[PDB]
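Take a look at this single chain, the form deposited in one PDB entry, given in structure tokens.
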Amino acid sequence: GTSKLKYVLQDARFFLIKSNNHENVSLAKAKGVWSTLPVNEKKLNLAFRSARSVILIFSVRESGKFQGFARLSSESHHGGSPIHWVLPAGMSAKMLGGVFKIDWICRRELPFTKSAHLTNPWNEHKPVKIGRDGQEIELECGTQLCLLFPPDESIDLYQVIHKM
């Protein structure tokens, strides 16, 4: 069902994560971690303290799709087990240094064609697929976007709920 999902998304905040490659999203799915540039790192740390759930919605550049969504379970932390991110051009490991822990809610894809009816008030009401890495998605748009993803029956939201 979708009832526990709706509960997790209640009063949540939503951010679009744009990854330059599939490898880092796969690593994030395997390890439950994400790192972003310092500007977005600061925003996400602020958001984590402000809301019951902060949801990252992932999209790989040029894929035409979202690859799933996850809930922040921590603020960023430095000095843990290093993450072997594939670094884009001009990108260094220092600027990906803070690691957030995340719990995946959905690891399934959603093509942009299915979200064409959703616009984001915080990005000039452009289609929600449009946005730079870190763009915040307004509550109603973000909730409806997450509800469009195919259910991920491999995930049990019970433990996620027991962290809010």
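Take the two forms, find the largest set of C-alpha atoms that superpose within 1.5 Å, and that set is the rigid core. Quick note: we count residues from 1 along the sequence shown, nothing fancier.
- The PDB entry records a higher mean C-alpha B factor for 152-160 than for its counterpart among 11-19 and 152-160.
- For the pair 94-102 and 59-67, the record assigns the higher mean C-alpha temperature factor to 94-102.
- Highest CA B-factor among the listed residues (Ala51, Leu44, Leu118, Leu110): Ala51.
- Ranked by Cα temperature factor within the chain, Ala30 sits in the middle third according to the deposited record.
- Compared with the other modelled residues of the chain, the Cα B-factor recorded for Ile130 ranks in the middle third.
- In the PDB entry, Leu37 places in the highest third of its chain by CA B-factor.
Below, we refer to the form deposited in another entry, which is not included among the displayed structures.
- Just a single entry of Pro127, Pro111, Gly32, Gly97 exceeds or equals a 2 Å CA shift between this form and the one not shown, which is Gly97 (rigid core superposed).
- A shift of at least 3 angstroms pushes the Cα atoms of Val39 and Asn123 further from each other in the other form than in the displayed structure.
- Inter-residue distance, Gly79 to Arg107 (Cα): reduced by at least 3 Å in the other form versus the depicted form.
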